[PDB]
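Scroll down for the structure; my scribbles are underneath it.
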Amino acid sequence: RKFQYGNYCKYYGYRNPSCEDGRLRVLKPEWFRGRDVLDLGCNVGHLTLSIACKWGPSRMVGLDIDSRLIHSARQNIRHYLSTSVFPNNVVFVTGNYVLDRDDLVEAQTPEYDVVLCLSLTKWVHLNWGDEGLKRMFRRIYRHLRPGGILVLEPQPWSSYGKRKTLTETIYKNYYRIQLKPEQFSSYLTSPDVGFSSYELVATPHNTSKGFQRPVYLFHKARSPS
RNA sequence: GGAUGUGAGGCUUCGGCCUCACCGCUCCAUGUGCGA
Ligand SMILES: Nc1ncnc2c1ncn2[C@@H]1O[C@H](CSCC[C@H](N)C(=O)O)[C@@H](O)[C@H]1O
């Protein structure tokens, strides 16, 4: 009924109505081929699986907070069939990526070359506030190996307001937020996170203007310092 | 003998500088020698 995490169970039916995901013309295959990739908030995994079966990542992990979407994603694998060969290169896991303590975030070790954070920032922001959003951002940086990339597709602030009444906590967080999407790039490249450069890749096309969101690349430097 | 480009961010004493990411890590000029 209410989908307070953005955990829609019919999501791609209205994001990509009978059509290709326009982000696949913007994401580049060379970002993924032979790489270890984490897909945050993968939902029922349509985009996760398109990448895993076409662009040959050595490992693709789809993470979502909602176990019912993860079960669906596992059941969606069969629709993409013809160690590094799909479907052996993809796995799904249920979990909340937002850790509840800073020391848990600082314990994160690098495991991935690419982290996808697509259409997730709004939901983390509303449910866990600035603090939870910053914990996700810092954990992503620590999760990436040197040379890694964060692919960030953030929702605009103008789109938060219609969801603010989902729960009292979300409503509370909405009116407490001070780090707005327009400041994400500055925060991600600050010493609190540590990405060393970023670029706007493109804004994909979509049937709905509400899904035409900018896609950014945030780079973790190849040098140790 | 000639040729070092692009982007984002930050700084600047307006000369530039710094970090990262790209793009390359090569192309061009050139015999009054040689004739298997
Ligand atoms: N803290 C969290 N940890 C993991 N997944 C989360 C999360 N908060 C929200 N999500 C998931 O994020 C998804 C947002 S919808 C975006 C889906 C997908 N990334 C795409 O862009 O196509 C939902 O599936 C929701 O369940």
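Reckoned from all heavy atoms, side chains included, excluding hydrogens, waters and symmetry mates. Order of the sequence lines sets the chain letters (A, B, ...), proteins ahead of strands, with each chain counted from 1.
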Q: Would you check if there is a donor-acceptor pair between the side chains of A:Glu111 and A:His143 at a distance under 3.5 Å?
A: no

(Q) Is there a side-chain contact between A:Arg222 and the phosphate of B:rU19, meaning an N or O under 4.0 Å from OP1 or OP2? (A) no

**Q.** Outcome for B:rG31 when its sugar is typed by the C1'-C2'-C3'-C4' torsion
**A.** south

(Q) Using atom P in both nucleotides, what's the gap between B:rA29 and B:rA3 to the nearest angstrom? (A) 15 Å

Q.
Could you check whether A:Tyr11 and A:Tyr14 have their ring centres less than 6.0 Å apart?
A. yes

**Q.** B:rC28: north vs south, judged on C1'-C2'-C3'-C4'
**A.** north

**Q.** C1' gap between B:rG16 and B:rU12, integer Å
**A.** 7 Å

Q.
Taking B:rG9 as the reference, what is the distance to B:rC27 when you measure between their P atoms (whole Å, please)?
A. 35 Å

(Q) Say we look at B:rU4 and B:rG31: how far apart would their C1' atoms be, to the nearest angstrom? (A) 30 Å

**Q.** North or south sugar at B:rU13 (positive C1'-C2'-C3'-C4' torsion counts as north)
**A.** south

Q | Inter-nucleotide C1' distance (B:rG5, B:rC23), Å rounded | A | 7 Å

Q: Identify the nucleotide, in any strand shown, that forms a Watson-Crick or G-U wobble pair with B:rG7, with both distances under 3.5 Å; if there is none, say none.
A: B:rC20

Q) Rounded to whole angstrom units, what separation is found between the CD1 atom of A:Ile149 and the P atom of B:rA21? A) 12 Å

Q) Taking it one step at a time, do A:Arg33 and A:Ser58 satisfy side chain to side chain contact (heavy atoms under 4.5 Å, CB included)? A) CA-CA 7 Å; A:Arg33 185 162 283 105; A:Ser58 56; over 6 Å; no

Q. Among A:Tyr174, A:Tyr5, A:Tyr160, which one satisfies ring pair (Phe, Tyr, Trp, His ring centres under 6.0 Å) with A:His125?
A. A:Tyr160

Q) What pucker does B:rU30 have, north or south, from the sign of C1'-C2'-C3'-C4'? A) north

**Q.** Same-atom distance (P) from B:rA8 to B:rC28, integer angstrom
**A.** 31 Å

Q: For B:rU13, give its Watson-Crick or G-U wobble partner with both distances under 3.5 Å, or none.
A: none

Q. Do A:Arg59 and A:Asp36 meet the salt-bridge criterion of a basic N to acidic O distance under 4.0 Å?
A. no

(Q) Checking understanding here: a glycosidic angle within 90° of 0 is syn, the rest anti, so what is B:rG15? (A) syn

Q.
Is A:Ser223 close enough to B:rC20 that one of its side-chain N or O atoms is under 4.0 Å from OP1 or OP2 there?
A. yes

Q. What pucker does B:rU6 have, north or south, from the sign of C1'-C2'-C3'-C4'?
A. north

(Q) Could you tell me the Watson-Crick or G-U partner of B:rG1, where both distances fall under 3.5 Å? Say none if there is no partner. (A) B:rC28

